[PDB]
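Engineer: Compute the structure for the input listed below.
(2 chains)
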2 protein chains.
Amino acid sequence: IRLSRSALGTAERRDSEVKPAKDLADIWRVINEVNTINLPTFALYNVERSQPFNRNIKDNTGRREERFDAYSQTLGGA
Amino acid sequence: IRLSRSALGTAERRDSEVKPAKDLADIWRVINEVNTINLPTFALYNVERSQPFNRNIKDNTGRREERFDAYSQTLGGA
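Structural biologist: Numbers count the residues shown, from 1 in each chain, chains lettered A, B, ... in the order given. Coordinates below:
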């Protein structure tokens, strides 16, 4: 998998070749929706954690008991 | 009790005499801090009470197990 990016204000553009990642994750999703399988857990825990905790923030969208909610904001920091 | 107000842009502004209502609503508070009594309730229920209800928590204002919270938005309709 290759993530490529050209600089801003440049006529030449570079594309990203993510096709084997697309193929493998498409395979995982297709086999899961046919007959339920265990999925890999990708997580990033950056310095973006150590935020203060407030119990009152409870309202959210996504139905937390949904299994595919486990991938909800799994990367990107805290 | 008399509530008075003149028009917009009027040079002379009429005052509102609320002194005996202030005294009668002050005697209740001053005796209530000493020895607990039964305070009266004042409520307004206009057409706005037909608002739809959604399962959300305000969790910002003051602590809904508190007697003077019963006067919170009591005459603002609904």
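Engineer: And the residue in chain A that chain B sits nearest to, how close does it get to residue B:53?
Structural biologist: Nearest residue of chain A to chain B, counting by CB to the nearest CB: residue A:56, 4.0 Å away. Just so you know, the C-beta spots here come from the backbone N, C-alpha and C atoms, and that holds for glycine as well. Applying CB to CB, to the nearest Å, the value for residue A:56 to residue B:53 is 20 Å.
Engineer: In contact with the residue of chain A closest to chain B, which residues are there?
Structural biologist: Residue A:56 makes contact with B:57, B:59, B:60, according to CB atoms under 8 Å, 6 or more residues apart in numbering or on different chains.
Engineer: Show me the subset of those residues that also lies near chain A.
Structural biologist: Intersecting the contacts of residue A:56 with the contacts of chain A gives B:57, B:59, B:60 (criterion: CB under 8 Å from any CB of the partner chain).
Engineer: Same list (these) but as a markdown table, adding neighbour count and secondary structure.
Structural biologist: Formatted as a markdown table, the ones next to chain A among the contacts of residue A:56 follow (neighbours: other CB atoms under 10 Å in any protein chain shown; DSSP: H, G, I helix; E, B strand; the rest coil):
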| residue | neighbour count | secondary structure |
| --- | --- | --- |
| B:57 | 9 | coil |
| B:59 | 12 | coil |
| B:60 | 6 | coil |
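Engineer: for chain A, what spans make up the helices?
Structural biologist: Using DSSP state H, the helices found in chain A span residues A:19-34.
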